[PDB]
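Following: one structure in structure tokens, then a few remarks.
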Amino acid sequence: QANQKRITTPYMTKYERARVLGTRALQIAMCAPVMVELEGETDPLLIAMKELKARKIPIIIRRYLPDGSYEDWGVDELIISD
Amino acid sequence: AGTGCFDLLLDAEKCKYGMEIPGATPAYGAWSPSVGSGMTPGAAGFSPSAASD
Amino acid sequence: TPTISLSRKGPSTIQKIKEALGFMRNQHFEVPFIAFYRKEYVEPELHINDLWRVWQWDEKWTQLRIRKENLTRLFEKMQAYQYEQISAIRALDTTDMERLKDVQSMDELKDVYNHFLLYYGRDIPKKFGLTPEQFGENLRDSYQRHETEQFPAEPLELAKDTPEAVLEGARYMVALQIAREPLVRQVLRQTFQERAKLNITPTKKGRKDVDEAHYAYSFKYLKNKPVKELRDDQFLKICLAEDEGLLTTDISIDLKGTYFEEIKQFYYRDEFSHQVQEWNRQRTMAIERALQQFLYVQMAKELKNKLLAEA
Amino acid sequence: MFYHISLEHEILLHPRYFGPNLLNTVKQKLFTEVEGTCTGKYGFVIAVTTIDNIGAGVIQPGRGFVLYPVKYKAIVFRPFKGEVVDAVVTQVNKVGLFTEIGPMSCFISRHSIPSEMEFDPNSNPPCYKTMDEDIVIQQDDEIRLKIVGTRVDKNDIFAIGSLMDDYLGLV
Amino acid sequence: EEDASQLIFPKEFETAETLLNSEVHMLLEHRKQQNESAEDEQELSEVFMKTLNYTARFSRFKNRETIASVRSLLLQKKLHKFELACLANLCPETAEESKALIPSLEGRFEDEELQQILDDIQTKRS
Amino acid sequence: XXXXXXXXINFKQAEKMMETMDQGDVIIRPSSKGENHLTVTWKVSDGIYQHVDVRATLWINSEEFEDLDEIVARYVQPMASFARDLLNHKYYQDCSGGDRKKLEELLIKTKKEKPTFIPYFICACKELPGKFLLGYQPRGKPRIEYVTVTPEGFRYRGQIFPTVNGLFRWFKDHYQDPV
């Protein structure tokens, strides 16, 4: 769907918040470039949580509506709950 | 079923930012110099223009 | 170029080869039998390997005689065809008699036979300057004695004899006639096959892909490797040839810059009034184009074939 | 037979290449993937002309790699049964004649060659000639031929072509 | 089922826009010009050199605009899209030879018009 | 006149070498951030050094890595010239490497010395090389804004000024505004 027609929530669900962190910290474990000047930490999951709080994760999320269509939401484009 | 109800795509435009580190050297010009807001109604007592030469 | 059997004299070598041919291909004998038991007709045990060289020469001469007889039968068939074509500026059937007469230069005769066959145009039902035959008797003597055809016409008059308005459509025919002259091969051969001073140097990337393992990088600021080195020390022919298999090598003698400028005075008109200056200028351009088909193609290929055979 | 077609391919990316320049790396990976490749179905892919589209890349579940669906303009070379193409001879043999058409190498037998073109192995370049010796076909010669059959070997195509049909000879 | 005479081409392979040997020579030469500049790029393949030299030897006409003129001229007359590049690449000189090399043309058009097209192709030769 | 050094050492020794060099001098070194990328260090002022990440970020393509001198002459040298234009200004002050508190104290002091004349000063930022503090005190409160040095001039309130006189003239026309 177009950027005008985004009918889903502007909030990131707990399931998206889990899976984005998992699939980002896996990438960071495979020597992807970090998007945040880190403070000396080496755990990739803490690095992913830092990028999520920093709102800098380079992933977008495709939400399949039940009719068949979908919406592409940037991680920067929606509200992190915690 | 949730973590599986959706699908992830890589945002290549956001991949422009960010860098690998092995750094500890900060990027000087790339910061954001936000200006301070002035909130007064006051009068003038100030100092005139000069030619550009 | 290396004169073998300097020992056995010339007439005595002709007589020894005649007796060796009479005992080999007239009695059914071999080299060692005719050497050990017919030693008086042959040279007196000065060599027993020159008989094998004479045997390989007899095999090459049998092959050349077979090819010449086949080309002679084909020349007679083309002569009957040309008699039928003339009975009913075209092809003429006289080259095959000359090809039958001369037998030593077989590769030259084949390259001339190809140009003569492309003169006829491969037909099997059953004005442009001076003739290149006259040029072959001008550059052979190293002095001009005729001129490109004397008329007041220009290339504009030759652009209306076609349906393109082209002033160079006879240049292709002139380059074909210059590439198809058989006397030019004898003229420009044995003058480039009698000297070769190779400039030895590898490529920019070839200076890191030899590393003192080939003769390309054994000399990179020294050139002029003579024909005695290109033939007797023929490993430079091998190592550069594997260099040809490899990344790259530079092949050039650097002896033409004069070798062809004196031939450019040949077929150079003395009329500066523009009536025959067109035959001077277009003939110079046609000779440059024919020396891009001959000097660029035939000279380097013939020099590399001679150096590979000698190697 | 040259063509200008669009194809789709998917390249898996390691996360290290996310860098600052992802799309640029996608271009070189696509090139090194499909330049010089051959398939039997589309013919030899000679070269890549343009890249039509880079699809949205999909993050694989439980794997770091991301695959980008790519549409690209590329120029393929495919032989058909019954085409007629100019060829360049590389080798003469009593078994047959070895001619290269661009990337592909195709071999023409003696038996599909017409009976006039006898052998001459004794010729100093080995050769095929008539009894008239008019048409002289040797190495480095340019000859017409007709592609009868295609063969794909280790995904790489080889052909066979007959010179029997009329007007098919030396150029 | 795939025969050049009967014009059966695969449905995946149907909508291709065919190219000329000189046209492919311009395209490969432009790609080679791209590769010789802009370094730290991989060296061109063996197939690139083979096809580049091959299309160089069999290039009928060098001129860039002559590609557009011949393609437009042959395209304006109604013909199937497979034939056009094969006609200009083979460049026959008699319409009998054209019908022999391309069997689909036999019966498609009259002798004079086909010979006119062939003579136009011979005219645009460089 | 503006020397350039090419390192084939690390950050700290690079700054200590720049301590001996002149303003506008350039050290081009490999970048700690990434392999096959570079850092161009150049001296904005005394002890204030800008470390440009060549991918302070400067985007070039693969070819322009081969001619570093052209990149320096195109981008670093005009920034050094505008840096000298700000260093040679009549109201330039150090204020301990661009400390905002020192600048505010200097403004308050000079405003209390002469009320009807208003001081304004510019300072090189040690924690932001390439950026300058422009302080001025209209009323009983001091104000500080930022001036950014770019290869095309001075960025102030988002606007690009190719001359230091044009910068301070647009300032000295809009340093009055009721805001």
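Nothing in this text is a laboratory measurement; each read-out follows from the coordinates by a stated rule. A quick note on method: Cβ atoms are made from the backbone with ideal geometry, for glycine too, and the neighbour counts reach across all protein chains shown.
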Sum of -39500 (n - 2.57) over DSSP H runs of 4+, divided by residues of chain A (222 nm, nearest 500):
-10500 deg cm²/dmol
Per the C-alpha gyration tensor (a ≥ b ≥ c, the square roots of its eigenvalues), the protein assembly as shown is rounded if a/c is under 1.5, else prolate if a/b beats b/c, else oblate; here it's prolate
How large is the helix-only mean residue ellipticity at 222 nm for chain D, computed as the sum of -39500 (n - 2.57) over DSSP H runs with n ≥ 4, divided by its residue count, in deg cm²/dmol to the nearest 500?
-2500 deg cm²/dmol
Choice from D:60, D:138, D:91 showing the highest fluctuation, given a GNM over chain D with Cα pairs closer than 10 Å
D:60
Three semi-axes of the equivalent ellipsoid, chain D, Cα gyration tensor, whole Å, largest first:
46, 14, 12
How about the stretch F:111-179: which GluC sites (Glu not before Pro) there are in a DSSP loop, with at most 13 other Cβ atoms within 10 Å of their Cβ?
F:127, F:152
List the GluC sites (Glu not before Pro) within the stretch E:33-62 that DSSP assigns to loop and that have no more than 14 neighbouring Cβ atoms inside 10 Å.
E:39, E:41, E:43
Spin-label pair residue E:73/residue F:12, simplified geometry with 7 Å Cα→Cβ offset, distance in nm
7.8 nm
Just E:56, E:38, E:68 to compare: in a GNM of chain E, with alpha carbon springs under 10 Å, which one fluctuates most?
E:38
Mean residue ellipticity (222 nm) of chain C, computed from DSSP H runs ≥ 4 via -39,500 (n - 2.57), nearest 500
-15000 deg cm²/dmol
Exposure proxy check on D:52, C:232: fewest-to-most Cβ neighbours within 10 Å is C:232, D:52
Which one, E:74, E:9, E:102, is farthest towards the positive end of the dipole of chain E when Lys and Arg carry +1 and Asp and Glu -1 on their Cβ?
E:74
Local electrostatic count at residue C:127 - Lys and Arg +1, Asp and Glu -1, tallied over other residues with Cβ under 15 Å
-3
GluC sites (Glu not before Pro) within the stretch D:50-123, DSSP loop, no more than 13 other Cβ atoms inside 10 Å:
D:116
Simple spin-label estimate for residue C:211 and residue E:45 in nanometres, 7 Å along Cα-Cβ:
2.9 nm
For residue D:110, what is the net charge nearby, where nearby means another residue's Cβ is under 15 Å from its Cβ and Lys, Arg count +1, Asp, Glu -1?
-1
Springs between alpha-carbon atoms under 10 Å, Gaussian network over chain D: tell me which of D:131, D:117, D:104 tops the mean-square fluctuations.
D:131
